[PDB]
Amino acid sequence: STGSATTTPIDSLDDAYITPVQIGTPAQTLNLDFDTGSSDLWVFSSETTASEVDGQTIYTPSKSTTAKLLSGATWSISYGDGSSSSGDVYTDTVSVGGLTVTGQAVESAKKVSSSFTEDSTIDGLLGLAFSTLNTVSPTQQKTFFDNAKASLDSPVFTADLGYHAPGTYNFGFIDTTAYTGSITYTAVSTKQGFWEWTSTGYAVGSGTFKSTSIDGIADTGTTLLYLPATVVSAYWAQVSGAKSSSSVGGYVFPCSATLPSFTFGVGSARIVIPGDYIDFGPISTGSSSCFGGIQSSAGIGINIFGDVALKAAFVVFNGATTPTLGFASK
């Protein structure tokens, strides 16, 4: 089997991407944030505190003939941006782009933090990291990908995110029409539960490539690119007037600037992030100070190849017995 679904930016800045997911019988379609940095599939639901729902589409398990309470199971998760949610668990039928899993753990939110409430376009998250990070207790549950894996033509999924445009998540096959040149594969460590790999270095604009190992995670659920302070300083030093602002919470730059590209290494291959991808617009409406899309990972504890990086590539998440990551230009 295979699946193929279109993923769409939630706003004009590509702050996140939503993908339609069918849950239950008859189908209830929710727009979920596919997140390769977490491993819970959780949804706004009929059980979510009413005051914490503001425009989201909810899952109502009582209206699904295939929903079953997973008795005793609860979940609770906190993300790197400080947001959180929690609740109980149903099993139900879940389909993504024609690919169907029966008995999928659907985590029903009783509580969500303000960040989620305030985002009316995201109805939940679908985690695609390794199942070892799943927060369901007392019986840990498997991700959609893990459940689907054995049925897939090939044990892979791919992320093809658009710049200011729709893209695609495919399950079980590699679309050879979706990228240019070759795919370069690189080793993955699952020791922390993430798609963790080591980039071989970077360049700023037309500058020379610096060979240096940068350990980080491929995370579709993080908007920006978070790298070591040394790297990020080298990038923003090439933008007149750019500075790190503690009041704003990172590097800002004059909205009148033209940003340089940023290149990162995958083995001997290179992925180029165009400068436009690194512009996240005025810090506040009407401001002439703009927010940068490359920020320091210092104090996060890990480097994060988020959407800014990943949308410049066709990315293969290979879930074979020895997992790997593949990157191609497109």
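Residues numbered from 1 in each chain as written, not as in the entry; some residues may be left out. Heavy atoms only, no water. Residues with missing side-chain atoms left out of burial classes, pairs and counts.

- For this deposited structure, the header cites X-ray crystallography as the method used and 1.7000 Å as the resolution.

### Details of the overall build of the protein
Line of reasoning, step 1. Along its length, the protein carries four helices and 24 strands.
Line of reasoning, step 2. The C-alpha radius of gyration computed for the protein amounts to 20 Å, which stays within 12% of the reference 20 Å derived for 330 residues, consistent with globular compactness.
Line of reasoning, step 3. Its C-alpha atoms give the protein principal-axis dimensions of about 60 × 45 × 30 Å. (Helix = DSSP H or I, 4+ residues; strand = E, 2+ residues; numbered from the N terminus. Rg over C-alpha atoms; globule rule 2.2 N^0.38 Å.)

### Brief notes about the state of the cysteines
Line of reasoning, step 1. Scanning the model with the defined rule gives one disulfide in all.
Line of reasoning, step 2. Between the sulfur of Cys255 and that of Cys290 lies a disulfide, 2.1 Å long from S to S. Taking the sign of the S-S torsion, about 105° here, the bridge from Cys255 to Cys290 comes out right-handed. Taken together, the positions of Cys255 in the loop between β16 (250-254) and β17 (262-266) and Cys290 in strand β20 (residues 289-292) put the pair 35 residues apart, joining distant regions of the chain.
Line of reasoning, step 3. Take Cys255: its relative accessible area is 30%, and that puts it in the partly exposed class.
Line of reasoning, step 4. For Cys290, a relative accessible area of 4% gives the class buried. (Disulfide = S-S within 2.5 Å. Buried < 20%, exposed > 50% of the residue type's maximum accessible area, 1.4 Å probe, protein only.)

### Regarding the packing of aromatic side chains
Line of reasoning, step 1. Overall, the coordinates contain 25 aromatic pairs when judged by the stated rule.
Line of reasoning, step 2. Centre to centre, the rings of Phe34 and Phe171 are 6.4 Å apart; their planes meet at 70°, and the pair counts as edge-to-face. Of this pair, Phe34 sits in strand β3 (residues 28-35) while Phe171 sits in strand β10 (residues 167-171); the two residues are 137 residues apart in sequence, bridging distant segments of the chain.
Line of reasoning, step 3. With 6.1 Å between their ring centres and 70° between their planes, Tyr235 and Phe262 make a pair best called edge-to-face. Linking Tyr235 in helix α3 (residues 229-236) with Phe262 in strand β17, this pair joins segments that are 27 residues apart in sequence.
Line of reasoning, step 4. Owing to a relative accessible area of 1%, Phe262 belongs among the buried residues under this scheme.
Line of reasoning, step 5. Members of the aromatic cluster, joined through ring pairs, are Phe34, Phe130, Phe144, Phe145, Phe157, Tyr169, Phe171, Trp195 and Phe317.
Line of reasoning, step 6. Directly above the ring of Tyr277 sits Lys311, whose terminal nitrogen or CZ lies 5.9 Å from the centroid. (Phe/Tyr/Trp six-rings, centres within 6.5 Å; stacked < 30°, edge-to-face > 60°. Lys NZ or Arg CZ within 6 Å of the ring centre and 35° of its normal.)

### Here we look at the layout of surface pockets
Line of reasoning, step 1. Considered as a void within the structure, the largest pocket measures approximately 1100 Å³ in volume.
Line of reasoning, step 2. Around the largest pocket sit 38 residues that line it, and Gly80, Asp81, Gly221, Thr222 and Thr223 are the ones nearest its centre.
Line of reasoning, step 3. Going through the elements one at a time, β3, β5 (68-78) and α1 (114-117) are the ones with two or more residues in the lining of the largest pocket.
Line of reasoning, step 4. Its residues assigned to classes, the lining of the largest pocket shows 19 nonpolar, eleven polar and eight charged.
Line of reasoning, step 5. When residues are assigned to domains, the lining of the largest pocket turns out to be shared by domain 1 (5-174) and domain 2 (175-330), each giving three or more. (1 Å grid on protein atoms, 1.4 Å probe; cavity = no way out; pocket = protein on both sides within 12 Å on 5 of 7 lines; lining within 4 Å. Points joined across faces, edges and corners; volume = space filled by probe spheres on them. Nonpolar A, V, L, I, M, F, W, Y, C, P; charged D, E, K, R; others polar. Domains from an automatic or database assignment.)

### Let's talk about the domain arrangement of the protein
Line of reasoning, step 1. Domain boundaries in the protein define domain 1 (5-174) and domain 2 (175-330).
Line of reasoning, step 2. Placing the centre of domain 1 and that of domain 2 at their C-alpha centroids yields a distance of 25 Å.
Line of reasoning, step 3. Contacts between domain 1 and domain 2 engage 30 residues on the former and 32 residues on the latter.
Line of reasoning, step 4. Listed by contribution, the elements that provide at least two residues to the side of domain 1 that touches domain 2 are β3, β9 (156-160) and β10.
Line of reasoning, step 5. The element best represented in the side of domain 1 that touches domain 2 is β9, accounting for five residues.
Line of reasoning, step 6. Residue composition of the side of domain 1 that touches domain 2, grouped by class: 18 nonpolar, six polar and six charged. (Contact = heavy atoms within 4.5 Å.)

### Brief notes about the environment of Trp197
Line of reasoning, step 1. Assignment of secondary structure puts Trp197 in strand β12 (residues 196-204).
Line of reasoning, step 2. Look at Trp197 and you get buried, because its relative accessible area is 1%.
Line of reasoning, step 3. In sequence terms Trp197 and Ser213 are 16 residues apart; their C-alpha atoms lie 9.8 Å from each other.

### Section: the UniProt feature "active site" in the protein
Line of reasoning, step 1. Taking the UniProt record as the reference, the feature "active site" is found at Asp35 and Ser199. Restricting the annotated residues to those that line the largest pocket leaves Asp35.
Line of reasoning, step 2. Setting aside chain neighbours within four positions, we find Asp35 in contact with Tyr79, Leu125, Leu126, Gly127, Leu128, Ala129, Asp219, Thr220 and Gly221.
Line of reasoning, step 3. By the element assignment, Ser199 lies in strand β12. (UniProt positions renumbered as here; feature names shortened; annotations may be inferred.)

### Thoughts on unusual backbone geometry
Line of reasoning, step 1. Residue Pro26 is bonded to the preceding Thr25 through a cis peptide linkage, with omega at -5°.
Line of reasoning, step 2. One can find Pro26 in the loop between β2 (17-23) and β3.
Line of reasoning, step 3. With an omega of 5°, the peptide bond running from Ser137 to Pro138 counts as cis.
Line of reasoning, step 4. In this fold, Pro138 is placed in the loop between β8 (124-127) and α2 (144-148).
Line of reasoning, step 5. The residue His164 is not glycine, and still its phi comes out positive at about 50°.
Line of reasoning, step 6. Along the chain, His164 turns up in the loop between β9 and β10.

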